[PDB]
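First, one chain by itself in structure tokens, the form deposited in one PDB entry.
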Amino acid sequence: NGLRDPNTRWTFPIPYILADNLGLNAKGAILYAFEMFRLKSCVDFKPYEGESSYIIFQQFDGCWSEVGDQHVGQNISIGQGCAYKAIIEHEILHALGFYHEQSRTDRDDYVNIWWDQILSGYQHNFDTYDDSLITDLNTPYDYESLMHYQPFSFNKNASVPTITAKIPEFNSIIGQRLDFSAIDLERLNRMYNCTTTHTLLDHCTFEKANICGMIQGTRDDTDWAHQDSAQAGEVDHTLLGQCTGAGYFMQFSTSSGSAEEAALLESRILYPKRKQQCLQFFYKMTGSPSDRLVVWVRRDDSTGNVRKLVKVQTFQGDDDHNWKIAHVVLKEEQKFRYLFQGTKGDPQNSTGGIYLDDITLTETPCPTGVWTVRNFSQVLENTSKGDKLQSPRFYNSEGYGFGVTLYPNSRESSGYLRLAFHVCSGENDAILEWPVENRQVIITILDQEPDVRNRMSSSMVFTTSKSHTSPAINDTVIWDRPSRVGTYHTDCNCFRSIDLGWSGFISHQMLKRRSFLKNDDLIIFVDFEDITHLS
């Protein structure tokens, strides 16, 4: 589906204008989509500064783009309801040079188009092009492609589909609005010569005996064991016992020796391109409650030698023995190495140890709040329609309190989750401005893969607004101070606002695909941050 003529190719970074007929929500959503491109490809974007061809993003009727670089500068429309990651990425892929997936020359081998069902004026989105105009980039037809239409697209009748897969199973798969497919990234890389990406700095799964180039220190007392996943119940996080003799984690036993013994596992040297990074990993602590996992940085002391230590975070064992996710913010502006110190406490009271797998390091912020729901595949069966779960309270950088509500069986839409955001009372409320006004919420359901290029995390975006009001609170703003417009909960001593979000956030069948439920538990990320400065 890529335009063949090389004079249609951009030279990076692509200069952009965000126009003031966009709302703040749309500007923030576009900048969030540019971060996803920089994180999964070598595509890059810059503010305009006066250049020959450029993309101007505007609000007109519907979502659309011209295809490929137009040398006089071009327009990308993001209308009402278009301001979602997957939709912005679809229009930017048009500007980069891609037509819809159903427009491939071979498409009649894979899908049926029902022409008399298409609403007038939209039919060109179902055209197919000759191989003189379009390349396949030597890739097969991808039903999972972000560039493929859903069955009920531009249909005259709500019951009859416009496009259907010839093999009938894929009717449930085509038209996904998660993220780029693997084949979409391969096509993008083949078109633009991307061998790397601007923002994935390191990742590790411990699956090769090289342990991702990690080294073990000798100023410590002991070593981490590279561990085989063969022993009963000792499964690795990357594969959870799926493949025999082939899943690997790092282990530090705490059941023997002296208290306060330690082991250092230390990364290879890294060269950061930005001022901030996020280190994500999975761990367990089945040992003593006094065992510790500590994360450290070792960095250039400005002589060019990596020696200076900084302690960044500490983790400890609660009563939960299943795998946990962790995020650590790093602020490294010179070359460095990230380090794990495992430490024993009370070895005569430990029958276990510390475990590590699935490290990822990105030159991004960390998620502001993270919620894990355990046994979700069982929660989904044991919960009536309109029953709910609620997250613990999180806090912004700005100090606002917030949380999320999950209704596992949406009474508003059967066969979907309903996931929604609320503002919580917190210790800061007296000094914060109310209503919260132009703060953008991003909710993400993590696709649990260690390489970010394999992740199709579902995500939704909205901006808190003075127009968000409810009859339940005498038609006042939902985002006013939670002590006057929320309801008290004994679960955290919080007042929680009325919630706003999506019935139909994700379907139960989509949630059982990919790695959304990897260990039969569900990981939701949330961010809540000011975007007023984009005005």
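One-based numbering along the sequence shown. Take the two forms, superpose them, and find the largest set of C-alpha atoms that agree within 1.5 Å; that set is the rigid core.
Separately, the form deposited in another entry exists; it is not shown, and the next lines address it.
I want to make sure I read this right: if the two forms are fitted on their rigid core, which of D109, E433, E381, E169 has a C-alpha displacement of 2 angstroms or more between the shown form and the other one?
Just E169.
After the core is matched up, is the C-alpha of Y141 off by 2 Å or more between the shown form and the other one?
No, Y141 moves less than 2 Å.
Under a superposition restricted to the rigid core, does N210 display a Cα displacement of 2 angstroms or more between the shown form and the other one?
Shift of 2 Å or more: no.
Quick check on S120: with the core superposed, does its CA move 2 angstroms or more between the shown form and the other one?
Result for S120: yes, a 2 Å-plus shift.
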